[PDB]
């Protein structure tokens, strides 16, 4: 890459930080959930991967540039009643104190009679949790990724109505899960909802690059076919 060390280490299933660079394709994707270039669609004159700096850079504040990692939001708020809200997230009861962007809009419990407003495409994620553990922890998994993406996610269902969670056999037992983004509330409160899953996948990869992911994700891909 930049080195012969990085050539050797690329795509070996381990993030090597000496190679965690745009030039080295984030260690052949080892550090970026296998995504070679999360900013491939970004037409900013800035190398936006260098501007994850806790400061607003407007040149990177577009969807294809990953909204500058949401660093152009001014009021960088967290969920005030995070403990209460986590336990009441997606529990089929509207908790008004949790009905805000920071709290993932109570997992859409307060928007139950509102039409779905799906982003185009499907997020395909491999996580190092076996299917049973993922299914049992699905609400927390969805809340965490939703919080990262500033929207609401759900596990996709197949045409039998079954949740699309499948065993994935690697060196560690994992799962492959298919997710959809529901913007039904996001669009009302936010100017930065993903209209398509491509940039959402890339933002997850970006968080992998930084090491700020809350769950042990292995890979993410945005699909239009599924």
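Numbering follows the first chain given and starts at 1.
Two stretches are in play, 76-84 and 101-109, and the higher mean C-alpha B-factor belongs to 76-84. In this entry, 47-55 has the higher mean Cα B-factor, the comparison being between 47-55 and 31-39. Between the residues 213, 203, 218, 23, the entry's highest C-alpha temperature factor is the one at 23. Reading the B-factor column for the CA atoms of 151, 122, 114, 140 in the entry, the top value corresponds to 114. In the deposited entry, the Cα temperature factor of residue 94 sits in the top third of values across the chain's modelled residues.
Residue 178: CA B factor lies in the lowest third for its chain, per the PDB record. Ranked within its chain, residue 60 lands in the highest third, by CA B factor from the PDB record.
Sort the modelled residues of the chain by CA B factor and residue 158 lands in the lowest third. Per the deposited record, the Cα B-factor of residue 169 falls in the highest third when ranked against the other modelled residues of its chain.
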